[PDB]
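Below sits a lone chain in structure tokens, taken as the form solved without this ligand.
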């Protein structure tokens, strides 16, 4: 048989990872698709009169095996893939796309859905009925037969291309890891980072050497400390050349097909299609907001560049930026990244920072379960309880980089909460922190600390879900809203009483001196020009790829012209991702949606102010935010939820102040 064929019997429905092997995936996908198709056919051909229960709720109940195999499989393909998994992914993804379309383009099924009245439905049920109609229409249910056939082909080709992009990027990223033969070339690097590079080299089959793998964004962390300028250049060139040339024609094809798809569905661009299901009201609203932010961000980056040139005494190349920014931080604030690292050890950050803040705010508690089996041996499983002692869900943390794990950081759910199924949330966080050798502490940069709080904010959004229908569970909200609960959770990484709790030396346990911790805080306002510009440049790049009139010929030429036209082609501030490694938009779901971060950040910064207005880190406030916003998933209109919580529509001034844009 097959461990996907029955519900998990483990706590919280944790999948039985000890019983699951690669050979189980294809038969479970095949059984799952066949059983869901049979379910949908029974609904569509039901001789009984259409009701919410026998149509919409019946669709929500369908696909139990398929949901179980997908949850594990897609978790593995992102976090701990292998050639067998990659081959399965190539085979199955097109079939899954064709499966989704066989349901959404089932004409009698859609006719049934359209016959359901909102009369006697409760609020979430009525909202779900509209959501179902919208999902079907956006998938092509109102197209004629010829256009549906072309749509099915476009979707399948898009799914295969995005898969190839992801696989290309992983292979090229891994192959572009920078090998250093002489430890002298690592001058400037903290001792702990040297040991991690030696450990990496050992793990990747090169004992005695040192390996510096690349992180997802353009900017590589080691450039802040490495004094060997030729090595800084070599790392930066390895970064910016990811996906060249193998992703260039591929992304051109993806963007071309997206445009053709969008027109087929009645939209002038892919961005117009995307924005139609975002909280942002129009494409013009997005471009108008970006147009206001870009000139002051660019002027800040120019001032910062002048300051870095004066510090260095000479002209800079892109691979010098971080290095001289660190010198300015040390001179201005007495903050040396090498001296800050010893205060931010993973276990302490996690327990006394991330968990601690959630306990103070929400009253929830955590029990580590080293006896429960995660999907990889380094996964930590935690049981999560409400303040009253009741069971809430499971949280899995997977903190370390490895060749099988894709770049960046993310949250995903193994089990979605719904009262329909009576399921409790099982959520996952993945980071890419460099793994130390045996015995050695995991000392984190503040960027990594922030990422931990960010991903945990998504975990809380999943954990706190109290919806009826799985369609609305947890993080199932528009992309330009989903980054609000994650970004707002980062507030607790810098809330001084929390930071003071976890910023303690890994050896002595001594707190950082109050006046130094003050300066570490001040020093994070530094470099907002670079940070904002690299972000805005990537946003406008995504936008250009998904609003073009005439299709691009050359990917690299297009990128250049896109950035130049948008006034963000700065030699010293490349976009946070270049086109050929922009995983957000080519393989994850942020196409014409990378603007989502800053759109959500409006809400985040305005919410920080709400906390200050209401007395700060108090249980009453956590209960309010949980009850009014985090527990709703997609089950209410998100901006309505926000307004009920905040007391009014959002204001942008708090974001503008934060990023130096006033």
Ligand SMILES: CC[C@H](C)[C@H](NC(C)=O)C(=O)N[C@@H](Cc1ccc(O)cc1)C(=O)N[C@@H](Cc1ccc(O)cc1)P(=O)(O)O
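Residue numbers count along the first chain shown, from 1.
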Mean CA B-factor: is it higher for 386 to 394 or for 141 to 149?
-> 141 to 149
Of 197 to 205 and 406 to 414, the one with larger mean CA B-factor | 197 to 205
Note to self: of 184, 275, 360, 428, the C-alpha temperature factor tops out at 184
Select one of 161, 350, 215, 180: the residue whose C-alpha shows the highest B-factor in the crystal structure entry.
-> 180
Name the third of the chain's ranked CA B-factors that contains residue 369, choosing lowest, middle or highest.
-> middle
Would the CA B-factor of residue 499 place it in the lowest, middle or highest third of its chain?
-> lowest
Sorting the chain's modelled residues by C-alpha B-factor and splitting them into thirds places residue 564 in the highest
Modelled-residue ranking by C-alpha temperature factor, third containing residue 599 | middle
Quick tally, chain-level thirds of C-alpha B-factors: residue 652 sits in the highest
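In what follows, reference is made to the form deposited with this ligand bound, a form of this protein that is not presented.
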Which single stretch, out of 448 to 456, 375 to 383, 181 to 189, 199 to 207, brings residue heavy atoms within 4.5 Å of this ligand in the entry with it bound?
-> 448 to 456
Tell me, out of 494, 177, 265, 411, which residue has a non-hydrogen atom within 4.5 angstroms of this ligand in the entry with it bound.
-> 411
Which pick from 356, 584, 504, 236 sits with a heavy atom within 4.5 Å of this ligand in the entry with it bound?
-> 584
Just to confirm, residue 482 within 4.5 Å of this ligand in the entry with it bound by heavy atoms?
-> yes
Does the 4.5 Å heavy atom contact test between residue 29 and this ligand in the entry with it bound come out positive?
-> no
With the cut-off set at 4.5 Å between non-hydrogen atoms, does residue 406 touch this ligand in the entry with it bound?
-> yes
Heavy atoms within 4.5 Å of this ligand in the entry with it bound: does residue 595 have any?
-> no
So in the entry with it bound, are 78, 475 and 588 all sitting within 4.5 Å of this ligand, heavy atoms only?
-> yes
